[PDB]
Amino acid sequence: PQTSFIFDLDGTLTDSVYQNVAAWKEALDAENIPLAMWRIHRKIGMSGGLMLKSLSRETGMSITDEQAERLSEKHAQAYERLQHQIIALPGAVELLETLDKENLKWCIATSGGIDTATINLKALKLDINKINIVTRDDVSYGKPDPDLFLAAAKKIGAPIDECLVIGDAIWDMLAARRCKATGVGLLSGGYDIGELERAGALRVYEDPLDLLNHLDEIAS
Amino acid sequence: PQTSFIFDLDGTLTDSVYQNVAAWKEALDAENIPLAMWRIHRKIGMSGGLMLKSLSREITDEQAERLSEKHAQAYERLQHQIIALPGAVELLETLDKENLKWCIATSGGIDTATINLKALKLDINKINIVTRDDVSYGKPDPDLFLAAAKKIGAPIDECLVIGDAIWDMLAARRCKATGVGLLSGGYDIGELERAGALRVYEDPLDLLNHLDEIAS
Ligand SMILES: [Ca+2]
Ligand SMILES: [Ca+2]
Ligand SMILES: [Ca+2]
């Protein structure tokens with residue numbers, strides 16, 4: 001039973017978490033919701049809605065639908081302005097190329113909407129509508145809800161239990177475990193080995209190259 | 001014996017670690033040296049020399065000096081984005097109020113320090129501070145913390161080092177100081193503890209709220 005692959009995008013295949021953080025920071029500052037950047041970095045990988053609720057509750061207050069919407073817009077705009085900073089992570093393309101050449105099926109699964117996802121894909125010189133990908137616009141709920149991964153397993157014709165989830169955030173690992181998939185964590189999104197293991201990572205690697213070099217430990 | 005306090009600055013009292021990461025990345029790309037952000041982030045808190053050195057393993061002197069200057073210019077451009085971390089001002093004032101001595105100790109030079117101190121509204125010449133310009137080596141070498149203890153006239157052994165990075169924690173243990181880790185630099189609790197942190201708090205407000213677990 002050959003392994004099928006569900007990849008997170010931002011922080012996992014492209015070096016874009018820190019741009020995402022900066023974009024949220026600028027949006028939140030614009031809206032007088034001053035939050036230290038480590039707290040924003042902690043939530044990267046959740047869909048914006050859940051992230052906003054989450055930061056909200058942890059600061060003791062709550063954010064209306066209307067401001068959530070504006071924060072979202074501000075975030076997309078700030079991200080766009082940072083689009084050319086985004087580079088593919090080491091091994092990322094080579095890993096994807098390895099899988100195709102090997103007939104292993106993979107899908108991308110991101111809490112980002114079509115906009116962010118199109119930007120990061122450029123860095124991997126990939127055309128969105130030419131690959132297997134699921135976005136926040138494809139489901140009701142983002143990470144850590146299992147929705148995205150389930151839709152991804154479905155898009156590639158693999159049972160979710162024949163799947164390996166690859167992610168850089170607590171939220172990817174959490175969602176992986178919630179649908180009982182096998183989760184593997186990458187350090188390239190800035191989360192540490194401790195956090196990723198506690199959120200359910202079975203193995204943790206530096207980046208796609210490191211993972212590629214150990215593909216046997218973890219995939220068939 | 002009352003506790004004396006040695007604070008890291010960048011990421012401990014000010015929320016500047018991400019600007020620091022971003023200035024390093026700007027400087028690296030200008031020199032066409034590819035490097036993932038997380039790798040840069042892992043190093044913030046070492047001296048620029050150790051940093052770049054350590055980076056290569058994972059760079060000419062000529063090249064190194066261009067990067068140091070490029071980083072300093074890029075970091076300046078980002079100064080307006082930097083603000084105090086919650087509780088940082090209150091914590092320092094609480095220490096003053098209680099006549100507890102403190103000193104700031106940073107691996108950066110006077111230029112980055114000054115920028116960071118502005119967010120605390122501190123006068124660099126009106127406070128106890130030690131920078132990379134006052135010692136031979138930056139963190140994790142114990143030099144700065146030793147300088148800092150000397151500047152406030154306290155045994156390093158009766159000092160709390162408060163930092164956000166693995167390099168702070170390492171240096172603290174290397175001079176037998178008690179180390180406390182803050183999450184506000186983006187390092188995790190596991191990292192900070194494995195580098196020697198005795199306690200780990202979220203930020204200066206969390207620390208101030210738990211000050212009794214940790215300080216006499
Ligand atoms: Ca991610
Ligand atoms: Ca981290
Ligand atoms: Ca620091």
# chains A, B, ... in the order shown; residues from 1 in each chain; ligands from 1

$ residues_near_ligand --ligand "ligand 1" --cutoff "8 Å" --atoms "only C-alpha atoms and all ligand atoms" --output "list in words"
residues 8, 9, 10, 11, 12, 17, 44, 45, 110, 167, 168, 169, 172 and 189 of chain A

$ write_last_selection --atoms "N, CA, C and O atoms" --output "PDB file, in the first residue's frame"
ATOM      1  N   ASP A   8       1.248  20.535   3.712  1.00  0.00           N
ATOM      2  CA  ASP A   8       0.937  21.923   3.994  1.00  0.00           C
ATOM      3  C   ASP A   8       1.789  22.779   3.033  1.00  0.00           C
ATOM      4  O   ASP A   8       2.703  22.256   2.385  1.00  0.00           O
ATOM      5  N   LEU A   9       1.501  24.078   2.924  1.00  0.00           N
ATOM      6  CA  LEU A   9       2.215  24.905   1.943  1.00  0.00           C
ATOM      7  C   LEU A   9       3.131  25.947   2.583  1.00  0.00           C
ATOM      8  O   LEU A   9       4.357  25.810   2.589  1.00  0.00           O
ATOM      9  N   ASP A  10       2.515  26.988   3.116  1.00  0.00           N
ATOM     10  CA  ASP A  10       3.198  28.078   3.788  1.00  0.00           C
ATOM     11  C   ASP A  10       4.009  27.556   4.998  1.00  0.00           C
ATOM     12  O   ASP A  10       3.435  27.133   5.988  1.00  0.00           O
ATOM     13  N   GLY A  11       5.340  27.546   4.891  1.00  0.00           N
ATOM     14  CA  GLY A  11       6.200  27.135   5.991  1.00  0.00           C
ATOM     15  C   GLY A  11       6.700  25.717   5.834  1.00  0.00           C
ATOM     16  O   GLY A  11       7.575  25.259   6.573  1.00  0.00           O
ATOM     17  N   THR A  12       6.156  25.022   4.845  1.00  0.00           N
ATOM     18  CA  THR A  12       6.405  23.602   4.682  1.00  0.00           C
ATOM     19  C   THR A  12       7.090  23.370   3.336  1.00  0.00           C
ATOM     20  O   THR A  12       8.131  22.702   3.272  1.00  0.00           O
ATOM     21  N   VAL A  17       6.059  31.696   6.189  1.00  0.00           N
ATOM     22  CA  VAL A  17       5.451  31.941   7.491  1.00  0.00           C
ATOM     23  C   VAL A  17       5.771  33.338   8.025  1.00  0.00           C
ATOM     24  O   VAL A  17       4.910  34.004   8.557  1.00  0.00           O
ATOM     25  N   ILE A  44      -0.177  30.738  13.166  1.00  0.00           N
ATOM     26  CA  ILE A  44      -0.024  30.574  11.723  1.00  0.00           C
ATOM     27  C   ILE A  44      -0.240  29.106  11.338  1.00  0.00           C
ATOM     28  O   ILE A  44       0.426  28.195  11.860  1.00  0.00           O
ATOM     29  N   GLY A  45      -1.188  28.887  10.433  1.00  0.00           N
ATOM     30  CA  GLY A  45      -1.599  27.546  10.055  1.00  0.00           C
ATOM     31  C   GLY A  45      -3.081  27.321  10.337  1.00  0.00           C
ATOM     32  O   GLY A  45      -3.703  26.467   9.709  1.00  0.00           O
ATOM     33  N   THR A 110      -3.998  23.704   2.479  1.00  0.00           N
ATOM     34  CA  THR A 110      -3.651  24.951   3.161  1.00  0.00           C
ATOM     35  C   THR A 110      -4.881  25.640   3.773  1.00  0.00           C
ATOM     36  O   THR A 110      -5.974  25.598   3.200  1.00  0.00           O
ATOM     37  N   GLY A 167       3.627  18.859   7.585  1.00  0.00           N
ATOM     38  CA  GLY A 167       3.249  20.196   8.026  1.00  0.00           C
ATOM     39  C   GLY A 167       4.313  20.819   8.904  1.00  0.00           C
ATOM     40  O   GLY A 167       5.263  20.139   9.322  1.00  0.00           O
ATOM     41  N   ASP A 168       4.188  22.114   9.168  1.00  0.00           N
ATOM     42  CA  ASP A 168       5.199  22.798   9.960  1.00  0.00           C
ATOM     43  C   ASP A 168       4.591  23.344  11.231  1.00  0.00           C
ATOM     44  O   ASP A 168       5.292  23.953  12.033  1.00  0.00           O
ATOM     45  N   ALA A 169       3.284  23.155  11.411  1.00  0.00           N
ATOM     46  CA  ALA A 169       2.612  23.766  12.546  1.00  0.00           C
ATOM     47  C   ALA A 169       1.881  22.756  13.443  1.00  0.00           C
ATOM     48  O   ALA A 169       1.421  21.696  12.998  1.00  0.00           O
ATOM     49  N   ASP A 172      -1.265  21.590  11.856  1.00  0.00           N
ATOM     50  CA  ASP A 172      -1.209  20.478  10.891  1.00  0.00           C
ATOM     51  C   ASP A 172      -1.197  19.134  11.600  1.00  0.00           C
ATOM     52  O   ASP A 172      -1.861  18.190  11.174  1.00  0.00           O
ATOM     53  N   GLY A 189       8.829  26.204   9.521  1.00  0.00           N
ATOM     54  CA  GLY A 189       7.824  27.209   9.853  1.00  0.00           C
ATOM     55  C   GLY A 189       8.091  27.883  11.190  1.00  0.00           C
ATOM     56  O   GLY A 189       7.266  28.637  11.709  1.00  0.00           O
TER      57      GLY A 189
END

$ interface_residues --of "chain B" --to "chain A" --cutoff "10 Å" --atoms "only C-alpha atoms" --output "PyMOL selection string"
chain B and resi 11+14-19+21-22+25-26+29+34-39+41-42+81-86+183-191+202-203

$ write_last_selection --atoms "N, CA and C atoms" --output "mmCIF file, in the first residue's frame"
data_model
loop_
_atom_site.group_PDB
_atom_site.id
_atom_site.type_symbol
_atom_site.label_atom_id
_atom_site.label_comp_id
_atom_site.auth_asym_id
_atom_site.auth_seq_id
_atom_site.Cartn_x
_atom_site.Cartn_y
_atom_site.Cartn_z
ATOM 1 N N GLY B 11 13.762 41.118 22.108
ATOM 2 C CA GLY B 11 12.893 39.948 22.218
ATOM 3 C C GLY B 11 12.479 39.592 23.650
ATOM 4 N N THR B 14 11.756 44.209 24.375
ATOM 5 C CA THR B 14 11.153 44.743 23.160
ATOM 6 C C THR B 14 10.813 43.623 22.199
ATOM 7 N N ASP B 15 9.766 43.831 21.409
ATOM 8 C CA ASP B 15 9.327 42.853 20.447
ATOM 9 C C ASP B 15 10.004 43.171 19.127
ATOM 10 N N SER B 16 11.257 42.727 18.996
ATOM 11 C CA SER B 16 12.099 43.091 17.854
ATOM 12 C C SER B 16 12.779 41.905 17.204
ATOM 13 N N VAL B 17 12.585 40.705 17.757
ATOM 14 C CA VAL B 17 13.254 39.542 17.173
ATOM 15 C C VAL B 17 12.852 39.345 15.711
ATOM 16 N N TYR B 18 11.582 39.532 15.391
ATOM 17 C CA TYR B 18 11.157 39.387 14.009
ATOM 18 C C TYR B 18 11.706 40.478 13.077
ATOM 19 N N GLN B 19 11.947 41.670 13.609
ATOM 20 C CA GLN B 19 12.522 42.708 12.769
ATOM 21 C C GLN B 19 13.979 42.361 12.546
ATOM 22 N N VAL B 21 15.299 39.298 12.483
ATOM 23 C CA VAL B 21 15.278 38.246 11.476
ATOM 24 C C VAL B 21 15.130 38.841 10.067
ATOM 25 N N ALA B 22 14.202 39.775 9.919
ATOM 26 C CA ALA B 22 13.899 40.374 8.622
ATOM 27 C C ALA B 22 15.045 41.226 8.084
ATOM 28 N N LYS B 25 17.734 38.773 6.807
ATOM 29 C CA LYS B 25 17.331 38.195 5.542
ATOM 30 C C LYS B 25 17.532 39.170 4.387
ATOM 31 N N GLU B 26 17.258 40.445 4.630
ATOM 32 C CA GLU B 26 17.434 41.484 3.618
ATOM 33 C C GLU B 26 18.913 41.582 3.246
ATOM 34 N N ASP B 29 20.117 38.281 1.319
ATOM 35 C CA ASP B 29 19.732 38.225 -0.089
ATOM 36 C C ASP B 29 20.536 39.198 -0.960
ATOM 37 N N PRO B 34 21.477 32.421 0.085
ATOM 38 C CA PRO B 34 20.163 31.859 0.428
ATOM 39 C C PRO B 34 20.149 31.255 1.829
ATOM 40 N N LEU B 35 19.112 31.533 2.612
ATOM 41 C CA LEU B 35 18.975 30.932 3.935
ATOM 42 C C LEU B 35 17.548 31.048 4.455
ATOM 43 N N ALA B 36 16.967 29.933 4.892
ATOM 44 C CA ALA B 36 15.593 29.944 5.389
ATOM 45 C C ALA B 36 15.439 30.837 6.635
ATOM 46 N N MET B 37 14.276 31.473 6.781
ATOM 47 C CA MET B 37 14.022 32.373 7.920
ATOM 48 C C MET B 37 14.184 31.677 9.285
ATOM 49 N N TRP B 38 13.646 30.464 9.417
ATOM 50 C CA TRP B 38 13.736 29.729 10.682
ATOM 51 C C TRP B 38 15.204 29.566 11.142
ATOM 52 N N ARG B 39 16.118 29.305 10.201
ATOM 53 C CA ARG B 39 17.541 29.160 10.540
ATOM 54 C C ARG B 39 18.118 30.463 11.062
ATOM 55 N N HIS B 41 16.347 32.804 12.474
ATOM 56 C CA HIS B 41 15.647 33.012 13.746
ATOM 57 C C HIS B 41 16.348 32.258 14.891
ATOM 58 N N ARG B 42 16.715 31.010 14.639
ATOM 59 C CA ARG B 42 17.391 30.185 15.635
ATOM 60 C C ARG B 42 18.648 30.848 16.183
ATOM 61 N N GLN B 81 8.666 50.011 13.786
ATOM 62 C CA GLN B 81 7.788 48.863 13.950
ATOM 63 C C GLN B 81 7.957 48.215 15.327
ATOM 64 N N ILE B 82 9.040 48.564 16.024
ATOM 65 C CA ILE B 82 9.351 47.973 17.331
ATOM 66 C C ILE B 82 8.599 48.603 18.512
ATOM 67 N N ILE B 83 7.950 47.784 19.334
ATOM 68 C CA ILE B 83 7.373 48.293 20.586
ATOM 69 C C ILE B 83 7.666 47.420 21.815
ATOM 70 N N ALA B 84 7.634 48.042 22.984
ATOM 71 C CA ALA B 84 7.754 47.338 24.239
ATOM 72 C C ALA B 84 6.842 46.106 24.266
ATOM 73 N N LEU B 85 7.310 45.054 24.921
ATOM 74 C CA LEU B 85 6.482 43.878 25.165
ATOM 75 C C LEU B 85 5.666 44.127 26.420
ATOM 76 N N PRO B 86 4.467 43.534 26.508
ATOM 77 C CA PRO B 86 3.604 43.816 27.665
ATOM 78 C C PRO B 86 4.354 43.626 28.984
ATOM 79 N N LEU B 183 8.981 33.450 26.242
ATOM 80 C CA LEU B 183 8.506 32.934 24.959
ATOM 81 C C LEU B 183 8.441 34.019 23.868
ATOM 82 N N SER B 184 8.634 35.270 24.279
ATOM 83 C CA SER B 184 8.323 36.439 23.453
ATOM 84 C C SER B 184 9.346 36.644 22.337
ATOM 85 N N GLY B 185 10.340 35.755 22.286
ATOM 86 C CA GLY B 185 11.361 35.801 21.247
ATOM 87 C C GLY B 185 11.065 34.753 20.188
ATOM 88 N N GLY B 186 9.971 34.025 20.373
ATOM 89 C CA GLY B 186 9.645 32.940 19.471
ATOM 90 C C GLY B 186 10.384 31.617 19.697
ATOM 91 N N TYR B 187 11.214 31.467 20.731
ATOM 92 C CA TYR B 187 11.742 30.131 21.080
ATOM 93 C C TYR B 187 10.691 29.357 21.908
ATOM 94 N N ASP B 188 10.636 28.026 21.808
ATOM 95 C CA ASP B 188 9.633 27.264 22.588
ATOM 96 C C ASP B 188 10.129 26.914 23.989
ATOM 97 N N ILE B 189 9.191 26.497 24.835
ATOM 98 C CA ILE B 189 9.504 26.149 26.211
ATOM 99 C C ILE B 189 10.501 24.993 26.277
ATOM 100 N N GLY B 190 10.340 24.015 25.394
ATOM 101 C CA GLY B 190 11.274 22.894 25.321
ATOM 102 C C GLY B 190 12.712 23.330 25.031
ATOM 103 N N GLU B 191 12.904 24.159 24.001
ATOM 104 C CA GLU B 191 14.224 24.734 23.682
ATOM 105 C C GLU B 191 14.822 25.472 24.869
ATOM 106 N N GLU B 202 5.732 33.664 29.554
ATOM 107 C CA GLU B 202 5.288 34.128 28.255
ATOM 108 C C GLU B 202 6.021 35.384 27.823
ATOM 109 N N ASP B 203 6.119 36.353 28.732
ATOM 110 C CA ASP B 203 6.604 37.690 28.421
ATOM 111 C C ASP B 203 6.849 38.433 29.750
#

$ residues_near_ligand --ligand "ligand 3" --cutoff "12 Å" --atoms "only C-alpha atoms and all ligand atoms" --output "VMD selection string"
chain B and resid 7 to 21 41 to 47 104 to 108 112 to 113 116 138 to 140 161 to 169 181 to 187 192

$ closest_residue --among "A:129, A:220, A:135, A:20" --to "residue A:148" --atoms "only C-alpha atoms"
A:135

$ select_by_dssp --residues "stretch 37-176 of chain A" --states "strand (DSSP E or B)" --output "JSON, numbers by chain"
{"A": [44, 46, 87, 88, 106, 107, 108, 109, 133, 134, 163, 164, 165, 166, 167]}

$ write_last_selection --atoms "N, CA and C atoms" --output "short mmCIF file (atom, residue, chain, number, x, y, z; two decimals), in the first residue's frame"
data_model
loop_
_atom_site.label_atom_id
_atom_site.label_comp_id
_atom_site.auth_asym_id
_atom_site.auth_seq_id
_atom_site.Cartn_x
_atom_site.Cartn_y
_atom_site.Cartn_z
N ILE A 44 -0.18 30.74 13.17
CA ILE A 44 -0.02 30.57 11.72
C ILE A 44 -0.24 29.11 11.34
N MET A 46 -3.64 28.07 11.29
CA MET A 46 -5.11 28.13 11.45
C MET A 46 -5.68 28.98 10.34
N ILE A 87 10.41 32.52 -1.09
CA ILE A 87 11.32 31.62 -1.76
C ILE A 87 10.86 30.19 -1.46
N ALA A 88 11.18 29.25 -2.35
CA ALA A 88 10.87 27.86 -2.09
C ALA A 88 11.85 27.40 -1.03
N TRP A 106 0.24 13.00 -4.26
CA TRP A 106 0.26 14.05 -3.24
C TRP A 106 -0.72 15.17 -3.54
N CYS A 107 -1.17 15.80 -2.46
CA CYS A 107 -2.07 16.93 -2.56
C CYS A 107 -1.60 18.02 -1.61
N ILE A 108 -1.82 19.27 -1.98
CA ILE A 108 -1.49 20.37 -1.09
C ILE A 108 -2.75 20.74 -0.34
N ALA A 109 -2.60 21.05 0.95
CA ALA A 109 -3.74 21.39 1.80
C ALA A 109 -3.38 22.55 2.72
N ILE A 133 -4.68 20.44 -5.08
CA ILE A 133 -4.65 21.35 -3.95
C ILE A 133 -6.04 21.64 -3.40
N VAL A 134 -6.12 21.75 -2.08
CA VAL A 134 -7.34 22.16 -1.40
C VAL A 134 -7.05 23.42 -0.60
N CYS A 163 -2.48 7.86 4.34
CA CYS A 163 -1.89 9.17 4.06
C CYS A 163 -0.84 9.62 5.08
N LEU A 164 0.15 10.34 4.58
CA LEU A 164 1.12 11.00 5.43
C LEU A 164 0.90 12.50 5.35
N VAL A 165 0.59 13.11 6.48
CA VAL A 165 0.46 14.56 6.53
C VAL A 165 1.82 15.18 6.81
N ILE A 166 2.20 16.15 5.98
CA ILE A 166 3.44 16.88 6.20
C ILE A 166 3.16 18.35 6.45
N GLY A 167 3.63 18.86 7.58
CA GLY A 167 3.25 20.20 8.03
C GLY A 167 4.31 20.82 8.90
#

$ select_by_dssp --residues "stretch 59-213 of chain B" --states "alpha helix (DSSP H)" --output "PyMOL selection string"
chain B and resi 61-77+88-97+110-118+143-151+166-174+189-194+204-209

$ write_last_selection --atoms "C-alpha atoms" --output "mmCIF file, in the first residue's frame"
data_model
loop_
_atom_site.group_PDB
_atom_site.id
_atom_site.type_symbol
_atom_site.label_atom_id
_atom_site.label_comp_id
_atom_site.auth_asym_id
_atom_site.auth_seq_id
_atom_site.Cartn_x
_atom_site.Cartn_y
_atom_site.Cartn_z
ATOM 1 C CA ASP B 61 35.469 38.737 6.425
ATOM 2 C CA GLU B 62 34.964 41.288 3.673
ATOM 3 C CA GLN B 63 31.555 39.679 3.035
ATOM 4 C CA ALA B 64 30.905 39.484 6.802
ATOM 5 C CA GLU B 65 31.426 43.208 7.279
ATOM 6 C CA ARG B 66 29.116 44.073 4.387
ATOM 7 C CA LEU B 67 26.426 41.898 5.997
ATOM 8 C CA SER B 68 26.912 43.472 9.427
ATOM 9 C CA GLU B 69 26.502 46.986 7.959
ATOM 10 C CA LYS B 70 23.652 45.953 5.686
ATOM 11 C CA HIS B 71 21.852 44.386 8.647
ATOM 12 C CA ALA B 72 22.370 47.507 10.774
ATOM 13 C CA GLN B 73 20.927 49.743 8.049
ATOM 14 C CA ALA B 74 17.980 47.410 7.447
ATOM 15 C CA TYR B 75 17.296 47.178 11.191
ATOM 16 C CA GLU B 76 17.268 50.956 11.420
ATOM 17 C CA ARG B 77 14.656 51.152 8.678
ATOM 18 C CA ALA B 88 8.344 45.292 30.275
ATOM 19 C CA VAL B 89 8.085 48.939 31.391
ATOM 20 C CA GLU B 90 6.129 48.033 34.542
ATOM 21 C CA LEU B 91 8.630 45.280 35.456
ATOM 22 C CA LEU B 92 11.636 47.599 35.230
ATOM 23 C CA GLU B 93 9.702 50.249 37.270
ATOM 24 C CA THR B 94 8.650 47.667 39.843
ATOM 25 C CA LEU B 95 12.329 46.665 40.236
ATOM 26 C CA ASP B 96 13.324 50.332 40.678
ATOM 27 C CA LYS B 97 10.505 50.914 43.148
ATOM 28 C CA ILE B 110 25.106 50.485 20.489
ATOM 29 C CA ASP B 111 23.109 51.193 17.323
ATOM 30 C CA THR B 112 20.592 48.352 17.541
ATOM 31 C CA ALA B 113 20.463 48.748 21.330
ATOM 32 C CA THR B 114 19.578 52.461 21.091
ATOM 33 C CA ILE B 115 16.757 51.737 18.663
ATOM 34 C CA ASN B 116 15.373 49.090 21.020
ATOM 35 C CA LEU B 117 15.701 51.311 24.113
ATOM 36 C CA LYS B 118 13.648 54.059 22.459
ATOM 37 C CA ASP B 143 31.167 37.735 28.716
ATOM 38 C CA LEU B 144 28.213 40.134 28.581
ATOM 39 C CA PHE B 145 26.510 38.714 31.664
ATOM 40 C CA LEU B 146 29.787 38.933 33.537
ATOM 41 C CA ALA B 147 30.176 42.521 32.396
ATOM 42 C CA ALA B 148 26.596 43.223 33.484
ATOM 43 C CA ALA B 149 27.045 41.741 36.962
ATOM 44 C CA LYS B 150 30.203 43.819 37.384
ATOM 45 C CA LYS B 151 28.474 47.006 36.283
ATOM 46 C CA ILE B 166 18.684 29.540 23.843
ATOM 47 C CA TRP B 167 21.921 31.628 23.743
ATOM 48 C CA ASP B 168 20.846 33.611 26.826
ATOM 49 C CA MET B 169 20.100 30.410 28.715
ATOM 50 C CA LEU B 170 23.382 28.803 27.634
ATOM 51 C CA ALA B 171 25.446 31.832 28.697
ATOM 52 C CA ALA B 172 23.567 31.980 32.047
ATOM 53 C CA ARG B 173 24.438 28.378 32.897
ATOM 54 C CA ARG B 174 27.979 28.854 31.612
ATOM 55 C CA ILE B 189 9.504 26.149 26.211
ATOM 56 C CA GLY B 190 11.274 22.894 25.321
ATOM 57 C CA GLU B 191 14.224 24.734 23.682
ATOM 58 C CA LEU B 192 14.590 27.208 26.539
ATOM 59 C CA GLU B 193 14.491 24.437 29.186
ATOM 60 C CA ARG B 194 16.987 22.207 27.372
ATOM 61 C CA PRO B 204 7.653 40.351 30.975
ATOM 62 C CA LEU B 205 4.027 40.605 32.243
ATOM 63 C CA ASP B 206 3.781 36.862 32.891
ATOM 64 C CA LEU B 207 7.181 37.017 34.635
ATOM 65 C CA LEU B 208 6.214 40.054 36.770
ATOM 66 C CA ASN B 209 3.039 38.196 37.769
#

$ closest_residue --among "A:217, A:115, A:31, A:58" --to "residue A:128" --atoms "only C-alpha atoms"
A:115

$ closest_residue --among "A:120, A:56, A:111, A:103" --to "residue A:138" --atoms "only C-alpha atoms"
A:111

$ closest_residue --among "A:212, A:196, A:161, A:96" --to "ligand 2" --atoms "only C-alpha atoms and all ligand atoms"
A:196

$ closest_residue --among "B:152, B:40, B:127, B:120" --to "ligand 2" --atoms "only C-alpha atoms and all ligand atoms"
B:40

$ residues_around --residues "stretch 47-53 of chain A" --least-positions-apart "4" --cutoff "8 Å" --atoms "only C-alpha atoms" --output "MDAnalysis selection string"
chainID A and resid 43 57 62:63 68 72 111:112 136 141:143

$ residues_around --residues "residue A:95" --least-positions-apart "6" --cutoff "9 Å" --atoms "only C-alpha atoms" --output "list in words"
residues 208, 209, 211 and 212 of chain A

$ decode --residues "stretch 185-196 of chain A" --atoms "N, CA, C and O atoms" --output "short mmCIF file (atom, residue, chain, number, x, y, z; two decimals), in the first residue's frame"
data_model
loop_
_atom_site.label_atom_id
_atom_site.label_comp_id
_atom_site.auth_asym_id
_atom_site.auth_seq_id
_atom_site.Cartn_x
_atom_site.Cartn_y
_atom_site.Cartn_z
N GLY A 185 6.39 16.49 11.12
CA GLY A 185 6.56 17.92 11.28
C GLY A 185 7.89 18.44 10.75
O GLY A 185 8.90 17.73 10.83
N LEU A 186 7.87 19.66 10.22
CA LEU A 186 9.06 20.35 9.71
C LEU A 186 9.35 21.59 10.55
O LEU A 186 8.42 22.33 10.94
N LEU A 187 10.63 21.85 10.79
CA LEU A 187 11.06 23.01 11.56
C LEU A 187 11.04 24.32 10.76
O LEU A 187 11.27 25.40 11.31
N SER A 188 10.74 24.22 9.46
CA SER A 188 10.90 25.35 8.55
C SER A 188 9.86 26.47 8.72
O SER A 188 9.99 27.56 8.13
N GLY A 189 8.83 26.20 9.52
CA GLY A 189 7.82 27.21 9.85
C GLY A 189 8.09 27.88 11.19
O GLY A 189 7.27 28.64 11.71
N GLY A 190 9.25 27.61 11.77
CA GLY A 190 9.60 28.17 13.06
C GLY A 190 9.05 27.49 14.33
O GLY A 190 9.40 27.93 15.40
N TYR A 191 8.21 26.47 14.25
CA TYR A 191 7.81 25.71 15.45
C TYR A 191 8.94 24.74 15.86
O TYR A 191 9.70 24.28 15.00
N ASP A 192 9.08 24.44 17.15
CA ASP A 192 10.18 23.56 17.62
C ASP A 192 9.76 22.11 17.69
O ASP A 192 8.57 21.79 17.62
N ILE A 193 10.74 21.23 17.87
CA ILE A 193 10.51 19.80 17.82
C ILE A 193 9.57 19.39 18.95
O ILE A 193 8.65 18.58 18.75
N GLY A 194 9.77 19.99 20.12
CA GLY A 194 8.86 19.81 21.26
C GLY A 194 7.39 20.08 20.95
O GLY A 194 6.55 19.21 21.16
N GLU A 195 7.08 21.27 20.46
CA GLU A 195 5.71 21.63 20.11
C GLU A 195 5.07 20.65 19.13
O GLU A 195 3.92 20.22 19.32
N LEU A 196 5.81 20.35 18.07
CA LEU A 196 5.33 19.47 17.00
C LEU A 196 5.09 18.04 17.48
O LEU A 196 4.09 17.41 17.08
#
